[PDB]
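**Q** Got a structure for you, written out below as structure tokens; questions coming shortly.
There are 4 protein chains.
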Amino acid sequence: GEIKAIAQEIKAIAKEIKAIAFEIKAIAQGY
Amino acid sequence: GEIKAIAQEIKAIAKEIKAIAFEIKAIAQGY
Amino acid sequence: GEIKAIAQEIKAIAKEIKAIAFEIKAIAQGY
Amino acid sequence: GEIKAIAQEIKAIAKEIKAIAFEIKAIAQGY
Numbered sequence: 001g002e003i004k005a006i007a008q009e010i011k012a013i014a015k016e017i018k019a020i021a022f023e024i025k026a027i028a029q030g031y
Numbered sequence: 001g002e003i004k005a006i007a008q009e010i011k012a013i014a015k016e017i018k019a020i021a022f023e024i025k026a027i028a029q030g031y
Numbered sequence: 001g002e003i004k005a006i007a008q009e010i011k012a013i014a015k016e017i018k019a020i021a022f023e024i025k026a027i028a029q030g031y
Numbered sequence: 001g002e003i004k005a006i007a008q009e010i011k012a013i014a015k016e017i018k019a020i021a022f023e024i025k026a027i028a029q030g031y
């Protein structure tokens, strides 16, 4: 399941990105 | 799926990130 | 080649995201 | 690859985005 393992990692990174993006959005709005 | 399904979930998240990136960009420009 | 087509779309979106991210970074630094 | 290769290229780009997101976050916080 190599391709699934990589797809899994990608999905995990993508979720981190999305979380960081909302955090940046909040910082930007706050100032 | 399985890997099609995961690919579609990644694609959905990537679309969300892109949307939030555009929002951040507009907020950052406005200020 | 369904899975390749979706992987292709994902990669294209990811590149857009990365471009928008450098743009936001430049706006943030500029102010 | 092919789809493994594309998956690895997506993963690399996602890592770059995440890195730039952290940079943006730090810049935005600092100011």
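Chains as they are written, first to last, in the deposited numbering: chain B, 1 to 31; chain A, 1 to 31; chain B', 1 to 31; chain A', 1 to 31. A prime marks a further copy of an entry chain. Note that beta-carbon positions come from the ideal geometry of N, C-alpha and C, so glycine has one too.
Is it the case that the stretch 20-29 of chain B contacts the stretch 1-8 of chain A, given that we only count it when at least three CB pairs across the two stretches are under 8 Å?
**A** Because the criterion of three Cβ pairs below 8 Å is not met, the stretch 1-8 of chain A and the stretch 20-29 of chain B do not touch.
**Q** In the DSSP assignment, the alpha helix (DSSP H) including A':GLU2 goes from what residue to what residue?
**A** If you number the fourth sequence from 1, residue 2 of chain A' lands on position 2. Looking at the DSSP string, A':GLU2 is not in any alpha helix (DSSP H), and its letter there is neither H nor E.
**Q** Could you work out which residues of chain A' lie near B':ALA12, taking near to mean beta carbons separated by less than 7 Å?
**A** Counting from one through the third sequence, the residue named residue 12 of chain B' turns up at place 12. Chain A' residues near B':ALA12: none, gap ~10 Å exceeds 7 Å.
**Q** Let me know if B:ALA21 comes out buried or exposed under the rule of 16 or more other beta-carbons within 10 Å of its beta-carbon.
**A** One-based indexing of the first sequence puts residue 21 of chain B at position 21. Answer is buried; the Cβ neighbour count reaches 16.
**Q** Report the CB separation of B:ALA14 from A:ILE17 in whole angstroms; it is logged as a contact under 8 Å.
**A** In the first sequence, the residue the question calls residue 14 of chain B occupies position 14. In the second sequence, the residue the question calls residue 17 of chain A occupies position 17. Yes, they are in contact, since the Cβ atoms of B:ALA14 and A:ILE17 sit about 7 Å apart, within 8 Å.
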